[PDB]
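These notes are about the structure you will find just below.
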Amino acid sequence: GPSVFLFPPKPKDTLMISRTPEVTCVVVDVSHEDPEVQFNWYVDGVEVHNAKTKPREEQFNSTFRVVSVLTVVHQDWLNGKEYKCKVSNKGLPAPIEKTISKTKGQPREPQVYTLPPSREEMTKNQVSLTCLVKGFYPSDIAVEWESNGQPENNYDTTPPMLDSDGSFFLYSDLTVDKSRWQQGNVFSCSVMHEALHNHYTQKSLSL
Amino acid sequence: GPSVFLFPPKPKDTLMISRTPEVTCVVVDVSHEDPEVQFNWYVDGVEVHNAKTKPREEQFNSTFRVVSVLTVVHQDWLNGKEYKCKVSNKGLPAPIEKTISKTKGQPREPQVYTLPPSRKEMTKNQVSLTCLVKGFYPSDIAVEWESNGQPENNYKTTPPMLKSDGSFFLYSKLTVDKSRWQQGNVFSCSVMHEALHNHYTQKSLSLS
Ligand SMILES: *[C@@H]1O[C@H](CO[C@@H]2O[C@@H](C)[C@@H](O)[C@@H](O)[C@@H]2O)[C@@H](O[C@@H]2O[C@H](CO)[C@@H](O[C@@H]3O[C@H](CO[C@H]4O[C@H](CO)[C@@H](O)[C@H](O)[C@@H]4O[C@@H]4O[C@H](CO)[C@@H](O)[C@H](O)[C@H]4NC(C)=O)[C@@H](O)[C@H](O[C@H]4O[C@H](CO)[C@@H](O)[C@H](O)[C@@H]4O[C@@H]4O[C@H](CO)[C@@H](O)[C@H](O)[C@H]4NC(C)=O)[C@@H]3O)[C@H](O)[C@H]2NC(C)=O)[C@H](O)[C@H]1NC(C)=O
Ligand SMILES: *[C@@H]1O[C@H](CO[C@@H]2O[C@@H](C)[C@@H](O)[C@@H](O)[C@@H]2O)[C@@H](O[C@@H]2O[C@H](CO)[C@@H](O[C@@H]3O[C@H](CO[C@H]4O[C@H](CO)[C@@H](O)[C@H](O)[C@@H]4O[C@@H]4O[C@H](CO)[C@@H](O)[C@H](O)[C@H]4NC(C)=O)[C@@H](O)[C@H](O[C@H]4O[C@H](CO)[C@@H](O)[C@H](O)[C@@H]4O[C@@H]4O[C@H](CO)[C@@H](O)[C@H](O)[C@H]4NC(C)=O)[C@@H]3O)[C@H](O)[C@H]2NC(C)=O)[C@H](O)[C@H]1NC(C)=O
């Protein structure tokens, strides 16, 4: 019958005041015969009631997927509270329960380095601006590129990857018209992470 | 009833002739009643009898997992032959057929650039030498580091990531004693990819 997956909030959403983090409870394999799904949510054992239920999503294997979204308080999540989704459905012998909470372990501060494009790339029309973020723990992090206080269009950040020492690193690749780089514009890598002062730092790069 | 997952060879294995590439057919959710599985393998529709099967192994959810491994010839994979695994089990209405082949699509040549450590990282006892490989397709690739013609093995390489324009990129980070960098040693990044001339390119870096 149905199965349940419980997902943590987006890293950026738990670190920034402008964002509202969410805990997401997904029920798959809901059969067309028993479509009513019931959610009960608990923060550290105490039932809460601010959850919302998305439009049901039909799937191509002839099943529904039903999703309940629970907004959480930033500091609750960062302090280690446990979030419990309990799912009831007539297609289940017993209700299913899943619990999620912040990843544990000694936090460690990202080191952020910006690297200009290789000289050998200078023959091309577009060049690559590189942000190396290493040494951090846990792996939840967010990395962006901006110029003149506005976010950039053409950049990609690799998923974090485990390093030798049990910390994580990643790279972010910003693709930029060589003209923009040559005029002298300043470009900025912004890193958001729970172990930074104010959850935020920024490093800049120009010619 | 059983499900089947069919896995391609490891990228490095398809490119180096010192390595033996393999396709792996994994069957999970095999019940205690009906525990016997038969595998049939086809290369371009033609049945081969080459596969080697791993004894069934019980999981902690009471089901079995059974694995068939087929050795593949580097050139057949590179040329796009289709490998078909057919799984027969009594707990199944009809056998399950799964097929895999090299990723189709216009190959594109990797651009390889090496990047020295940040100015600001030189304050540390170990520095990162970066190797950026971008613009390549398909995703199968291999990356290594050498100095003075011997392997440097203190590196991590990210999985390929998909870019906007359909090409892939990755980064490889080699960590060295700052002393070794400052002493002017030459380090090199070796990339192996089907769209490079002779499937190989190499790019070096040294302190200016
Ligand atoms: C019918 O179809 C539905 C829908 O699937 C869709 O339709 C079909 C027809 C196909 O086309 C599908 O390809 C298509 O996607 C099927 O539903 C799928 O069911 C599987 C399980 O059967 C679920 O797998 C789990 O996936 C999570 C990751 O889920 C994220 O990433 C998916 C892409 O990889 C994405 O599809 C999901 O939507 C989800 O995306 C996230 O969504 C949240 C909330 O919206 C969002 O905040 C995130 O940003 C977003 N992220 C991304 C990247 O998009 C994965 O975590 C699970 O892995 C566990 O279980 C595996 C075994 O199943 C095991 O291999 C893993 O290692 C891992 O194991 C766990 O390990 C932990 C610790 O390591 C351990 O504590 C646990 O014990 C262990 N748990 C185990 C073993 O269960 C898992 O892979 C799909 O998410 C789900 N798809 C969707 C869209 O919901 C359905 O199964 C089909 N029915 C039948 C009968 O076939
Ligand atoms: C009973 O238990 C077994 C054993 O599980 C183990 O024990 C239990 C108790 C749990 O604790 C588990 O956590 C624990 O692992 C269960 O068997 C599992 O079954 C699931 C399916 O439910 C399989 O999931 C698939 O996994 C592959 C990835 O598989 C690799 O990675 C796993 C770790 O992530 C690893 O465990 C696997 O062994 C396997 O490892 C690879 O092995 C090969 C061969 O040797 C090797 O060459 C590789 O190097 C190696 N790789 C790694 C990383 O180590 C994943 O790709 C599948 O994803 C597809 O399906 C999902 C839906 O299930 C969907 O969400 C995904 O998006 C993706 O969907 C596909 O999407 C593409 C397009 O993107 C589309 O073209 C496809 O059509 C579409 N396919 C589908 C089906 O939608 C999938 O997640 C586990 O691999 C398997 N584990 C093992 C060890 O065999 C069993 O499920 C349990 N049964 C019950 C009832 O509980």
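Swiss-Prot numbering applies to chain A: residues 116-322, in that order.
Quick reminder: no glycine exception, Cβ is built from N, Cα and C everywhere.
Sequence annotations record features per position, and here Swiss-Prot assigns domain 'Ig-like 2' to A:117-216 based on sequence analysis. According to Swiss-Prot, the disulfide bond annotation covers A:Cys140-A:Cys200, A:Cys246-A:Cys304. Taken from Swiss-Prot, the feature site 'At or near the complement-binding site' applies to A:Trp156. The N-linked glycosylation site feature in Swiss-Prot is assigned to A:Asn176.
Overlay of Swiss-Prot annotations on the structure.
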residue  : record                                        : DSSP class
A:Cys140 : disulfide bond                                : strand
A:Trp156 : site 'At or near the complement-binding site' : strand
A:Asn176 : N-linked glycosylation site                   : coil
A:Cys200 : disulfide bond                                : strand
A:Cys246 : disulfide bond                                : strand
A:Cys304 : disulfide bond                                : strand
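The shortest Cα-Cα distance from A:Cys304 (disulfide bond) to any of the recorded positions (A:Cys140, A:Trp156, A:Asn176, A:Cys200) is found for A:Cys140. Note: the Cα of A:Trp156 (site 'At or near the complement-binding site') and the Cα of A:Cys140 (disulfide bond) are spaced 9 Å from each other.
The local packing around A:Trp156 (site 'At or near the complement-binding site'), expressed as other Cβ atoms within 10 Å of its Cβ over all shown chains, amounts to 19.
The 6 Å Cβ screen around ligand 1 retains A:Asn176 from the recorded positions A:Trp156, A:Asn176, A:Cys246, A:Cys304, ordered by sequence position. Here the domain 'Ig-like 2' (A:117-216) is broken down by DSSP into helix, strand and coil counts: 10 helix, 48 strand, 42 coil. Between the C-alpha atoms of A:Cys200 (disulfide bond) and the residue listed as 'N-linked glycosylation site', the distance comes to 25 Å.
Sequence-distant neighbours of A:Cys140 (disulfide bond) (same chain, 6+ apart, CB under 8 A from its CB) are A:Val119, A:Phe120, A:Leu121, A:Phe122, A:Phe154, A:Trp156, A:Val182, A:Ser183, A:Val184, A:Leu185, A:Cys200, A:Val202, A:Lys213. Across the structure, A:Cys246 (disulfide bond) and the residue listed as 'N-linked glycosylation site' place their CA atoms 41 angstrom apart.
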